[PDB]
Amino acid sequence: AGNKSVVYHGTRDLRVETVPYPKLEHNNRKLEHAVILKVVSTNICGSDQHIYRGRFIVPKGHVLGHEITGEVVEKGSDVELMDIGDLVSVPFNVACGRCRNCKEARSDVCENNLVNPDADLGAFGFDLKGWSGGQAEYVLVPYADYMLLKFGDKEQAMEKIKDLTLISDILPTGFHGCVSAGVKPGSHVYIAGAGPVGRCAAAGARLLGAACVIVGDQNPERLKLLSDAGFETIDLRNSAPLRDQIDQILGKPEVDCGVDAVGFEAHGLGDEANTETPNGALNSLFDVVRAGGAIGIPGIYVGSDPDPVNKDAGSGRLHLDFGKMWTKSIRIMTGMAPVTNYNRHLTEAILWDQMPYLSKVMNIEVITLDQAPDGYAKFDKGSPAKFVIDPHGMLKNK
C-alpha cells in the first residue's frame, strides 16, 4: 500500500501525505466496473483554488485534484475496453454512463445516486460525492469503460503530454464555453478571464475558426501569454467602458459571443478591479454581447458561498443586469462541462498538430508532488502558470 496525496486540512492548508492504496470499492461495496490508475500527470485548477481559499467546502482530509492522466494498473471484472498499461485521460465529471442524463450525452449532470446521492452531478476532488481527487500517485476511477479516454499510442501521446494533460478538464471546458456560445468560423468573441480555463477558451475559439478573439483580465502577465500568441487583450483596470475598448480592437462595440471563464470570485472593472464582486464578469458579458448573441458560462457559480462579499451572494443570489440581457434576446448556457462530449475530438486536434498555439498560451510548469502546496500558493497570487504535477517523474525533465 501507500498513496502520496494532496490532502485538504483547511483554508490555505494543504498537506502532502501517504494514505492507504486505493481499492476497487466505494461506500464499502466492490466496484467491478472500476480501475486503479497510476497517475502520469495531474494539474492544479482554479476550481481547486476555490477549495484552497475556503470558498468551496470539502471535508477535512479530502484528496484534491480532478485533472487526471494515468495508466491502468488494476481493473475489476467488468472492464472490457481498457487494458493494464493503457494510457488514458480521465474526465473530471464522475459519470455512470447508465442513467438518463448519461444516456442523452449529458455526463456533466449524472443522476446516478451511487455517484452522488445528494445532487445530480459528479466530480473528483470536490466531494461530489466522496470521490478522492487525483493529485496523488494513484487514483480510483469508477465506470472505467464509459469514463476513460484511451490514448491509443503511448509514444505519440507522451510527446504531447503537456497539451494532453488539459484533455481531462480545462480545454474541453473552455471549448465547451465557446461551443455553447455559438463560436464558429468568423465569429467575434469576448472571453472574460485569462486564467488557465480562459486561455484554453481562447485556444478553442481559434481552433473553431473565430475571426476576432478578445480576452479581458485585470492580470497583465496572464494576458501577455495570449497577446504574444496573436490574441487581442483588454486590461480591465482601464476606466474606459469595455464596449469602447472592444470598439477600438474590433470596429464594433459588441461581440457575437461571450464566454465567462471567471466564476463567483470575480472582480470589478476599472477602479473596481481590486474589489471582489460576484456579478463582475456576468454583467460585463450582458453588456458587450450583441442582440441575437449567445453566452457560455464555464466559470463556476455556487448555490452556497461560505464567505461571500454580500449576504445574497451567500445563497448564490446575484445582482444581474437581466433586463438588458433579455432585450437583446441573448441565449445562456451554464454548468459543468460534459468533457466526454469533446475530449476525443480535441485529442484528435492536438495529435494532428492543429493547436501549436496551445502550449504557447498555457505556460505549463511541471512540478513534483511535494512542490504542490507551493504551486497552489503561487497560483493563489496570480501566477501566469498552469501547474502540472508529475508524481512518478514520468515526464522526463523539461
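Just count from 1 along the sequence shown to find any residue number.
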item	value
Of 308-316 and 287-295, the one with larger mean CA B-factor	308-316
219-227 set against 92-100, stretch whose average Cα temperature factor tops the other in the entry	219-227
Top Cα B factor in the deposited entry, candidates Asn112, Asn238, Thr173, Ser107	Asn238
Third of the chain, ranked by Cα B-factor, where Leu269 sits	highest
Third of chain Cα B-factors occupied by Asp256	lowest
Among modelled residues of the same chain, the CA temperature factor third for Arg243	highest
Among modelled residues of the same chain, the CA temperature factor third for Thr347	lowest
Record-listed C-alpha B factor of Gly122: chain third	middle
